[PDB]
Number of protein chains: 2
Amino acid sequence: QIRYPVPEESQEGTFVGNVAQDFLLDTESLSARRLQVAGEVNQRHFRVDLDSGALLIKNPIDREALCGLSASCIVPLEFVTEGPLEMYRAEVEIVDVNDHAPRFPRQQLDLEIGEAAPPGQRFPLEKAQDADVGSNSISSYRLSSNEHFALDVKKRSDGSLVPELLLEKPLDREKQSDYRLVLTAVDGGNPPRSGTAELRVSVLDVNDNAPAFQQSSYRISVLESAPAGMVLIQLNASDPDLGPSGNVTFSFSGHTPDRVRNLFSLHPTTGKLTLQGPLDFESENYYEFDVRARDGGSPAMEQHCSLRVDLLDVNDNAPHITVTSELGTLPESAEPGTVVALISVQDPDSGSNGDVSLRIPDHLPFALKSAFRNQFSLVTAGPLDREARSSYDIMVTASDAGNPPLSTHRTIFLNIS
Amino acid sequence: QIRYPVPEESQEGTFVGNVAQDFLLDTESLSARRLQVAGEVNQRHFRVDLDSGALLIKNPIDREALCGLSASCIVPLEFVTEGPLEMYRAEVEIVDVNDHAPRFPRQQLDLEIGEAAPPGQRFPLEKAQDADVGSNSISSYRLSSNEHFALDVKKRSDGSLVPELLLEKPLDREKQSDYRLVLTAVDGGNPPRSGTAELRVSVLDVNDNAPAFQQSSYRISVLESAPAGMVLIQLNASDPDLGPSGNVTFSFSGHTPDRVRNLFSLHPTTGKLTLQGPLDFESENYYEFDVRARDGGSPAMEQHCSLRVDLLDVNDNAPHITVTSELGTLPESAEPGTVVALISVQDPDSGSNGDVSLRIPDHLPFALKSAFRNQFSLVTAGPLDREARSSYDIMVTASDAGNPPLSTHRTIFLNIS
Ligand SMILES: *[C@@H]1O[C@H](CO[C@@H]2O[C@@H](C)[C@@H](O)[C@@H](O)[C@@H]2O)[C@@H](O[C@@H]2O[C@H](CO)[C@@H](O)[C@H](O[C@@H]3O[C@H](CO)[C@@H](O)[C@H](O)[C@@H]3O)[C@H]2NC(C)=O)[C@H](O)[C@H]1NC(C)=O
Ligand SMILES: *[C@@H]1O[C@H](CO[C@@H]2O[C@@H](C)[C@@H](O)[C@@H](O)[C@@H]2O)[C@@H](O[C@@H]2O[C@H](CO)[C@@H](O)[C@H](O[C@@H]3O[C@H](CO)[C@@H](O)[C@H](O)[C@@H]3O)[C@H]2NC(C)=O)[C@H](O)[C@H]1NC(C)=O
Ligand SMILES: *[C@@H]1O[C@H](CO[C@@H]2O[C@@H](C)[C@@H](O)[C@@H](O)[C@@H]2O)[C@@H](O[C@@H]2O[C@H](CO)[C@@H](O)[C@H](O)[C@H]2NC(C)=O)[C@H](O)[C@H]1NC(C)=O
Ligand SMILES: *[C@@H]1O[C@H](CO[C@@H]2O[C@@H](C)[C@@H](O)[C@@H](O)[C@@H]2O)[C@@H](O[C@@H]2O[C@H](CO)[C@@H](O)[C@H](O)[C@H]2NC(C)=O)[C@H](O)[C@H]1NC(C)=O
Ligand SMILES: *[C@H]1O[C@H](CO)[C@@H](O)[C@H](O)[C@@H]1O
Ligand SMILES: *[C@H]1O[C@H](CO)[C@@H](O)[C@H](O)[C@@H]1O
Ligand SMILES: *[C@H]1O[C@H](CO)[C@@H](O)[C@H](O)[C@@H]1O
Ligand SMILES: *[C@H]1O[C@H](CO)[C@@H](O)[C@H](O)[C@@H]1O
Ligand SMILES: [Ca+2]
Ligand SMILES: [Ca+2]
Ligand SMILES: [Ca+2]
Ligand SMILES: [Ca+2]
Ligand SMILES: [Ca+2]
Ligand SMILES: [Ca+2]
Ligand SMILES: [Ca+2]
Ligand SMILES: [Ca+2]
Ligand SMILES: [Ca+2]
Ligand SMILES: [Ca+2]
Ligand SMILES: [Ca+2]
Ligand SMILES: [Ca+2]
Ligand SMILES: [Ca+2]
Ligand SMILES: [Ca+2]
Ligand SMILES: [Ca+2]
Ligand SMILES: [Ca+2]
Ligand SMILES: [Ca+2]
Ligand SMILES: [Ca+2]
């Protein structure tokens, strides 16, 4: 048929075509025939010049508002004359111009993705809008360089592009929690027009880290004389997760025997291990037990650590003197060398702290004899006369080889008859 | 020195040794010398027979209560005589018997392990107790066959065994949530004695599964006449996690345009997509949008699904008759063939539903002429005489080719002069 191209957004009065000449109307009859555009809308947008017979633009036309996403926009125009009454038809092709840039409906997009999202999961993106059609519509999407995310641009049945964010590699909030990316959409105009949007993705924390001790195990030496309330060690553990999932508390293992809990206490927040009671190298020389650090996650991650506390001997025991047997009363006629008492000594300490020596004052008529290790018998070493002295109080003194030495004193009472 | 072996837990009166004969004491002097055990404890456990001079057990001896975990248990015994007063020493070796079976302090142990525990993490176990020493103490640990856990048995500085549970492969509560294992501890006695304990481990859930749609995408066809409240589709998605982490809810994507939300609604629990308003094939022929299923986990996992709804044309529009120009009044002298009116018809439906035919009753002196598609002019087809009839009401009827057809009626009023 008769087709006139005219670009959209053309100014008022732009020449479309000589409709009178294409309808073969006589020039001299323009004022009588009263050629008019039919249709209220087309009379709003088109008019016929009465003098030349040319079809002119009255009000500028928006192709986007007229045809939307249709590929071709052709507007059939109807014309009317009188005398005689006649109708004519012609087609105006409205040509699209590139007066729309791609534009994201939101220029700021925010995503919250869980740290444990599986690779391959997809996330929708808002496509930019370009009201044009054909080569002037959106032609490509671009995603800035990053290491975990890529673009998966989808082609719809009509030719629309749909960008999707594809997680390619697993995330880790503990290494990087925020990503700032730019998404760009470009049309195929000349020159190409484009628009961008900032996509801020934050990684939500999963409790995927257990607490970590500074060392795998600790070994401690402490003197058995250490006072109650002494800090033996401060355990340090870190947990990189966020919030309560990064909150560390310390405790004894659940199966920790009572003999350990009675002597040691562990501060739940600071991890300071303190001493709660008396230690004794003589009964127990070392303790090994496990402690644990738990985070406040759901479910909780825990890590255990092995502790060994070695005790150091202190010279805290003086010798103990036991008089096994005692004559008590003795006749003055007894010959020198008579065994008067049996004495055993013991010292629970080790090394020089437990080596016992025994002594009595010299001026007495008695002597100490030893036939077995740490065993002494007290015997008569001189003559005895009841009339001179009727009774003896013999002071025996035991000493260990500690520094300073510890001494024990015991008196054996002996009557003479 | 003088050493006598005697087994622990020996009955009263068991022969240890002839101490008198080893101390070279005369048999005839037993009642006078009054050989006695020294020490209250040893007098509780040992006695000397006055007639034979043999050292005998008074009360049975527990080696475990005496030496604990020491490798060697040797008890120095002291003896005393009178007339003259003398002291002797000898050593009794108490030999351990295998009168203790390994026994776990708890025979039921329960562990709660997070599903996302990393392989290589270790978990303490309560070691069994065997009060014996040497080869009679605990000699081995065994863990029943399973696929995720193994045993890491530790050797302490003193020779104690510490069993630890080692996670070798990652867990998955969604495949198996409970493990029943038996831990066995065996000593090295003849015969070996052993004891077992049941360890029930439960796997605590992590929200590591997103909801899964039945299909990756759905495509729906619906007639534009479908009534409001019609269910177009029921979306089904499953989530295998536990509790709220397995609770699925449905929604439109956050970026879903308002033109979609106005026409369709999605039940958050059931996933039924219903129709909320009028559809119109003539203005919009299809809709594509994304819906998402989110679980109630922290953080939430989500999965999207693409929906496309195609509309089907219904013959819901009758033709529209527009009378472009109308003479209104006509002289009776006008020749036949005079164009009286200009008529244009349009039907927005497609195919046969939008093909228009036009007609008027036959007996009238008028006719319909068509020079362009869907355009008709009403012209005079016979002679006219005002005196016969002074005015005409001409009923024009348009019909589409639908089943059933839709009709439009319009009357043009024409005066004759
Ligand atoms: C557990 O941690 C505490 C605290 O350590 C703190 O964090 C670490 C990472 C470092 O930055 C450290 O400087 C911080 O205080 C440890 O306590 C500290 O341990 C130091 C040994 O590396 C120790 O030197 C320091 O005490 C000082 O020592 C100086 C002599 O070297 C003295 O002149 C001074 O007066 C202090 O007495 C100590 N500080 C405190 C406040 O405790 C602790 O050792 C860690 N535990 C384990 C088992 O490693
Ligand atoms: C979403 O799920 C529903 C419900 O499905 C239920 O779970 C699945 C795993 C099956 O066990 C199913 O039997 C359960 O009802 C689906 O609804 C059902 O879909 C069936 C198609 O597979 C459909 O046949 C059924 O309707 C019946 O159809 C029969 C004729 O084949 C009729 O004779 C009968 O009267 C029903 O009209 C329907 N049932 C219900 C209660 O809806 C639904 O299709 C799924 N959606 C998608 C998109 O797959
Ligand atoms: C980190 O946690 C501590 C301790 O939490 C306790 O142990 C948890 C495993 C769980 O059992 C909680 O219910 C316990 O509260 C928090 O310290 C507490 O702070 C409050 C004051 O706000 C105080 O009244 C409590 O007594 C404290 N708990 C203890 C055991 O002393 C601490 O607030 C947490 N850290 C942060 C940053 O919130
Ligand atoms: C599964 O969840 C539903 C819905 O939970 C809602 O959506 C969540 C994502 C979150 O926003 C919640 O705060 C919402 O409640 C539960 O259904 C609810 O049940 C209560 C009665 O107990 C009812 O009053 C609410 O209205 C319901 N919610 C809706 C949206 O209708 C349901 O109980 C959960 N399943 C289980 C097994 O607990
Ligand atoms: C968007 O991208 C286009 C081409 O990629 C540029 O021409 C424009 O300046 C904007 O950066
Ligand atoms: C893409 O980048 C431009 C700046 O070049 C912004 O204007 C836009 O908002 C988006 O960040
Ligand atoms: C424990 O194990 C020992 C040897 O392994 C057995 O002898 C005993 O019967 C029990 O099963
Ligand atoms: C090991 O197995 C035995 C049964 O043979 C139980 O007695 C014990 O409690 C543990 O289950
Ligand atoms: Ca425009
Ligand atoms: Ca345009
Ligand atoms: Ca454009
Ligand atoms: Ca991590
Ligand atoms: Ca943590
Ligand atoms: Ca984390
Ligand atoms: Ca002591
Ligand atoms: Ca000591
Ligand atoms: Ca001492
Ligand atoms: Ca015993
Ligand atoms: Ca035993
Ligand atoms: Ca045993
Ligand atoms: Ca899993
Ligand atoms: Ca889930
Ligand atoms: Ca799970
Ligand atoms: Ca319609
Ligand atoms: Ca229709
Ligand atoms: Ca129709």
# chains A, B, ... in the order shown; residues from 1 in each chain; ligands from 1
$ residues_around --residues "residue 398 (chain B)" --least-positions-apart "5" --cutoff "7 Å" --atoms "only C-alpha atoms" --output "PyMOL selection string"
chain B and resi 319+356-359+407-409
$ closest_atom_pairs --of "chain B" --to "ligand 26" --cutoff "6 Å" --atoms "only C-alpha atoms and all ligand atoms" --output "tab-separated table"
residue	atom	partner	partner_atom_place_in_ligand_line	distance
B:315	CA	ligand 26	1 (Ca)	4.8
B:317	CA	ligand 26	1 (Ca)	4.4
B:318	CA	ligand 26	1 (Ca)	4.6
B:347	CA	ligand 26	1 (Ca)	5.4
B:349	CA	ligand 26	1 (Ca)	5.0
B:353	CA	ligand 26	1 (Ca)	4.3
B:354	CA	ligand 26	1 (Ca)	4.6
B:400	CA	ligand 26	1 (Ca)	5.3
$ write_last_selection --atoms "C-alpha atoms" --output "mmCIF file, in the first residue's frame"
data_model
loop_
_atom_site.group_PDB
_atom_site.id
_atom_site.type_symbol
_atom_site.label_atom_id
_atom_site.label_comp_id
_atom_site.auth_asym_id
_atom_site.auth_seq_id
_atom_site.Cartn_x
_atom_site.Cartn_y
_atom_site.Cartn_z
ATOM 1 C CA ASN B 315 -14.249 -14.411 21.484
ATOM 2 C CA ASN B 317 -15.360 -8.720 21.888
ATOM 3 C CA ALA B 318 -18.197 -7.978 19.489
ATOM 4 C CA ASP B 347 -12.885 -6.460 16.151
ATOM 5 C CA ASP B 349 -10.107 -10.667 18.640
ATOM 6 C CA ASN B 353 -13.122 -14.382 16.174
ATOM 7 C CA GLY B 354 -12.061 -11.064 14.610
ATOM 8 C CA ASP B 400 -17.853 -11.771 13.693
#
$ closest_residue --among "A:67, A:412, A:226, A:235" --to "chain B" --atoms "only C-alpha atoms"
A:67
$ interface_residues --of "chain A" --to "chain B" --cutoff "6 Å" --atoms "only C-alpha atoms" --output "PDB file with N, CA and C atoms, in the first residue's frame"
ATOM      1  N   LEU A  85     -19.026  11.953  -1.017  1.00  0.00           N
ATOM      2  CA  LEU A  85     -18.499  11.403   0.227  1.00  0.00           C
ATOM      3  C   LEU A  85     -17.609  10.198  -0.056  1.00  0.00           C
ATOM      4  N   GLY A 114      23.739 -16.807  52.304  1.00  0.00           N
ATOM      5  CA  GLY A 114      24.317 -17.609  53.368  1.00  0.00           C
ATOM      6  C   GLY A 114      25.692 -18.137  52.986  1.00  0.00           C
ATOM      7  N   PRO A 299      23.969 -25.813  65.793  1.00  0.00           N
ATOM      8  CA  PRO A 299      24.539 -26.506  66.953  1.00  0.00           C
ATOM      9  C   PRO A 299      25.951 -26.051  67.306  1.00  0.00           C
ATOM     10  N   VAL A 339      69.748 -53.497 124.788  1.00  0.00           N
ATOM     11  CA  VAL A 339      68.883 -52.718 123.912  1.00  0.00           C
ATOM     12  C   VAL A 339      67.712 -52.218 124.748  1.00  0.00           C
TER      13      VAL A 339
END
$ select_by_dssp --residues "region 319-368 of chain B" --states "strand (DSSP E)" --output "list in words"
residues 320, 321, 322, 323, 324, 325, 326, 329, 330, 339, 340, 341, 342, 343, 344, 345, 346, 356, 357, 358, 359, 366, 367 and 368 of chain B
$ atom_distance --atom1 "CA of residue 184 (chain A)" --atom2 "CA of residue 133 (chain A)"
18.6 Å
$ closest_atom_pairs --of "chain A" --to "ligand 11" --cutoff "8 Å" --atoms "only C-alpha atoms and all ligand atoms" --output "CSV"
residue,atom,partner,partner_atom_place_in_ligand_line,distance
A:98,CA,ligand 11,1 (Ca),4.8
A:99,CA,ligand 11,1 (Ca),6.2
A:100,CA,ligand 11,1 (Ca),4.3
A:101,CA,ligand 11,1 (Ca),4.7
A:102,CA,ligand 11,1 (Ca),6.0
A:130,CA,ligand 11,1 (Ca),5.1
A:131,CA,ligand 11,1 (Ca),6.6
A:132,CA,ligand 11,1 (Ca),5.1
A:133,CA,ligand 11,1 (Ca),7.6
A:136,CA,ligand 11,1 (Ca),4.5
A:137,CA,ligand 11,1 (Ca),4.8
A:138,CA,ligand 11,1 (Ca),6.5
A:187,CA,ligand 11,1 (Ca),5.4
A:188,CA,ligand 11,1 (Ca),7.2
A:189,CA,ligand 11,1 (Ca),6.4
A:192,CA,ligand 11,1 (Ca),7.8
A:193,CA,ligand 11,1 (Ca),6.4
$ write_last_selection --atoms "N, CA and C atoms" --output "PDB file, in the first residue's frame"
ATOM      1  N   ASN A  98      16.499   5.962  19.236  1.00  0.00           N
ATOM      2  CA  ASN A  98      17.154   5.449  20.441  1.00  0.00           C
ATOM      3  C   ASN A  98      17.132   6.502  21.554  1.00  0.00           C
ATOM      4  N   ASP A  99      15.924   6.916  21.936  1.00  0.00           N
ATOM      5  CA  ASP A  99      15.748   7.921  22.976  1.00  0.00           C
ATOM      6  C   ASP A  99      15.497   7.303  24.343  1.00  0.00           C
ATOM      7  N   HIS A 100      15.867   6.040  24.533  1.00  0.00           N
ATOM      8  CA  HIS A 100      15.828   5.424  25.850  1.00  0.00           C
ATOM      9  C   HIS A 100      17.159   4.743  26.119  1.00  0.00           C
ATOM     10  N   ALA A 101      17.770   5.095  27.211  1.00  0.00           N
ATOM     11  CA  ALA A 101      18.919   4.393  27.750  1.00  0.00           C
ATOM     12  C   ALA A 101      18.454   3.251  28.642  1.00  0.00           C
ATOM     13  N   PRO A 102      19.196   2.145  28.684  1.00  0.00           N
ATOM     14  CA  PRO A 102      18.879   1.104  29.664  1.00  0.00           C
ATOM     15  C   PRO A 102      18.933   1.697  31.061  1.00  0.00           C
ATOM     16  N   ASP A 130      14.584  -0.919  28.697  1.00  0.00           N
ATOM     17  CA  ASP A 130      14.861  -0.124  27.512  1.00  0.00           C
ATOM     18  C   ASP A 130      13.605  -0.229  26.668  1.00  0.00           C
ATOM     19  N   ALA A 131      12.820   0.845  26.644  1.00  0.00           N
ATOM     20  CA  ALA A 131      11.506   0.811  26.020  1.00  0.00           C
ATOM     21  C   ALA A 131      11.579   0.672  24.508  1.00  0.00           C
ATOM     22  N   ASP A 132      12.764   0.801  23.921  1.00  0.00           N
ATOM     23  CA  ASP A 132      12.903   0.640  22.487  1.00  0.00           C
ATOM     24  C   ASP A 132      12.792  -0.838  22.108  1.00  0.00           C
ATOM     25  N   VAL A 133      12.792  -1.092  20.800  1.00  0.00           N
ATOM     26  CA  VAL A 133      12.675  -2.437  20.258  1.00  0.00           C
ATOM     27  C   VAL A 133      13.777  -2.636  19.223  1.00  0.00           C
ATOM     28  N   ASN A 136      17.711  -1.328  19.053  1.00  0.00           N
ATOM     29  CA  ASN A 136      17.752  -0.268  20.055  1.00  0.00           C
ATOM     30  C   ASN A 136      17.385  -0.732  21.460  1.00  0.00           C
ATOM     31  N   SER A 137      16.912  -1.963  21.620  1.00  0.00           N
ATOM     32  CA  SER A 137      16.601  -2.508  22.933  1.00  0.00           C
ATOM     33  C   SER A 137      17.875  -3.040  23.585  1.00  0.00           C
ATOM     34  N   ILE A 138      17.741  -3.571  24.804  1.00  0.00           N
ATOM     35  CA  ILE A 138      18.917  -4.035  25.531  1.00  0.00           C
ATOM     36  C   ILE A 138      19.588  -5.136  24.727  1.00  0.00           C
ATOM     37  N   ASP A 187      22.535  -1.159  25.236  1.00  0.00           N
ATOM     38  CA  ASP A 187      21.714  -1.395  24.059  1.00  0.00           C
ATOM     39  C   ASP A 187      22.588  -1.397  22.803  1.00  0.00           C
ATOM     40  N   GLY A 188      21.968  -1.659  21.656  1.00  0.00           N
ATOM     41  CA  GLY A 188      22.703  -1.699  20.406  1.00  0.00           C
ATOM     42  C   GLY A 188      22.512  -0.496  19.506  1.00  0.00           C
ATOM     43  N   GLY A 189      22.282   0.675  20.094  1.00  0.00           N
ATOM     44  CA  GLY A 189      22.139   1.889  19.322  1.00  0.00           C
ATOM     45  C   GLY A 189      23.473   2.425  18.834  1.00  0.00           C
ATOM     46  N   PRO A 192      25.955   3.379  21.250  1.00  0.00           N
ATOM     47  CA  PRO A 192      25.296   2.559  22.269  1.00  0.00           C
ATOM     48  C   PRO A 192      25.069   3.351  23.543  1.00  0.00           C
ATOM     49  N   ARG A 193      23.900   3.155  24.146  1.00  0.00           N
ATOM     50  CA  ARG A 193      23.605   3.757  25.434  1.00  0.00           C
ATOM     51  C   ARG A 193      23.554   2.649  26.472  1.00  0.00           C
TER      52      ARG A 193
END
$ select_by_dssp --residues "region 160-340 of chain A" --states "alpha helix (DSSP H)" --output "ChimeraX atom specification"
/A:258-263
$ write_last_selection --atoms "C-alpha atoms" --output "CSV table (one decimal), in the first residue's frame"
chain,number,residue,atom,x,y,z
A,258,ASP,CA,36.0,-35.4,90.5
A,259,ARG,CA,39.6,-35.6,91.8
A,260,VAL,CA,40.5,-33.1,89.1
A,261,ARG,CA,37.5,-30.8,89.6
A,262,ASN,CA,38.2,-30.6,93.4
A,263,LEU,CA,41.8,-29.3,93.0
$ atom_distance --atom1 "CA of residue 146 (chain A)" --atom2 "CA of residue 182 (chain A)"
10.2 Å
$ closest_residue --among "A:43, A:185, A:50, A:59" --to "ligand 5" --atoms "only C-alpha atoms and all ligand atoms"
A:185
$ residues_around --residues "region 214-224 of chain A" --least-positions-apart "5" --cutoff "7 Å" --atoms "only C-alpha atoms" --output "short mmCIF file (atom, residue, chain, number, x, y, z; two decimals) with N, CA, C and O atoms, in the first residue's frame"
data_model
loop_
_atom_site.label_atom_id
_atom_site.label_comp_id
_atom_site.auth_asym_id
_atom_site.auth_seq_id
_atom_site.Cartn_x
_atom_site.Cartn_y
_atom_site.Cartn_z
N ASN A 236 44.09 -19.75 75.91
CA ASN A 236 43.61 -18.80 74.92
C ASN A 236 43.07 -19.58 73.74
O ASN A 236 43.73 -20.50 73.24
N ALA A 237 41.87 -19.22 73.30
CA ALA A 237 41.24 -19.80 72.13
C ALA A 237 40.50 -18.71 71.39
O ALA A 237 39.90 -17.82 72.02
N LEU A 279 47.94 -29.49 97.00
CA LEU A 279 48.58 -30.50 96.18
C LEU A 279 49.48 -31.33 97.09
O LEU A 279 49.87 -30.89 98.17
N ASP A 280 49.82 -32.53 96.64
CA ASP A 280 50.67 -33.39 97.45
C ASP A 280 51.44 -34.33 96.53
O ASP A 280 50.87 -35.31 96.03
N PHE A 281 52.72 -34.02 96.32
CA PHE A 281 53.59 -34.86 95.52
C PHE A 281 53.67 -36.29 96.06
O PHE A 281 53.87 -37.24 95.29
N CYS A 305 41.42 -29.80 74.42
CA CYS A 305 42.85 -29.59 74.61
C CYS A 305 43.28 -30.41 75.82
O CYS A 305 42.58 -30.46 76.83
N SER A 306 44.46 -31.03 75.71
CA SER A 306 44.98 -31.89 76.75
C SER A 306 45.95 -31.12 77.64
O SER A 306 46.86 -30.46 77.15
N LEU A 307 45.73 -31.21 78.95
CA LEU A 307 46.56 -30.57 79.95
C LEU A 307 47.23 -31.62 80.82
O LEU A 307 46.59 -32.60 81.22
N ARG A 308 48.51 -31.42 81.10
CA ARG A 308 49.22 -32.26 82.05
C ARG A 308 49.92 -31.33 83.03
O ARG A 308 50.67 -30.44 82.61
N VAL A 309 49.67 -31.55 84.31
CA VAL A 309 50.23 -30.76 85.40
C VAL A 309 51.12 -31.68 86.21
O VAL A 309 50.63 -32.65 86.82
N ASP A 310 52.42 -31.40 86.20
CA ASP A 310 53.39 -32.17 86.95
C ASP A 310 53.66 -31.45 88.26
O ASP A 310 53.87 -30.24 88.28
N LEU A 311 53.65 -32.20 89.36
CA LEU A 311 53.98 -31.63 90.66
C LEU A 311 55.48 -31.72 90.92
O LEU A 311 56.15 -32.66 90.49
N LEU A 312 55.99 -30.73 91.64
CA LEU A 312 57.39 -30.68 92.05
C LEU A 312 57.46 -30.91 93.55
O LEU A 312 56.71 -30.29 94.31
N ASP A 313 58.36 -31.80 93.99
CA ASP A 313 58.47 -32.09 95.42
C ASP A 313 58.99 -30.89 96.20
O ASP A 313 59.97 -30.24 95.81
N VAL A 314 58.34 -30.61 97.33
CA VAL A 314 58.76 -29.62 98.31
C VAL A 314 59.05 -30.37 99.61
O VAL A 314 58.38 -31.35 99.93
#
$ residues_around --residues "region 381-384 of chain B" --least-positions-apart "2" --cutoff "8 Å" --atoms "only C-alpha atoms" --output "list in words"
residues 332, 333, 334, 335, 336, 337, 365, 366, 367, 379 and 386 of chain B
$ residues_near_ligand --ligand "ligand 3" --cutoff "8 Å" --atoms "only C-alpha atoms and all ligand atoms" --output "MDAnalysis selection string"
chainID A and resid 243:244 247:249 268:269 294:296
$ write_last_selection --atoms "C-alpha atoms" --output "PDB file, in the first residue's frame"
ATOM      1  CA  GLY A 243      28.082 -12.955  67.178  1.00  0.00           C
ATOM      2  CA  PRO A 244      27.333 -15.752  69.653  1.00  0.00           C
ATOM      3  CA  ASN A 247      31.596 -16.534  71.657  1.00  0.00           C
ATOM      4  CA  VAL A 248      33.961 -18.953  73.366  1.00  0.00           C
ATOM      5  CA  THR A 249      33.464 -20.548  76.752  1.00  0.00           C
ATOM      6  CA  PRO A 268      34.543 -19.934  81.849  1.00  0.00           C
ATOM      7  CA  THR A 269      35.206 -16.583  80.150  1.00  0.00           C
ATOM      8  CA  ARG A 294      32.568 -24.367  72.945  1.00  0.00           C
ATOM      9  CA  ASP A 295      31.040 -21.610  70.866  1.00  0.00           C
ATOM     10  CA  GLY A 296      27.496 -20.336  71.311  1.00  0.00           C
TER      11      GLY A 296
END
$ atom_distance --atom1 "CA of residue 202 (chain B)" --atom2 "CA of residue 238 (chain B)"
23.1 Å
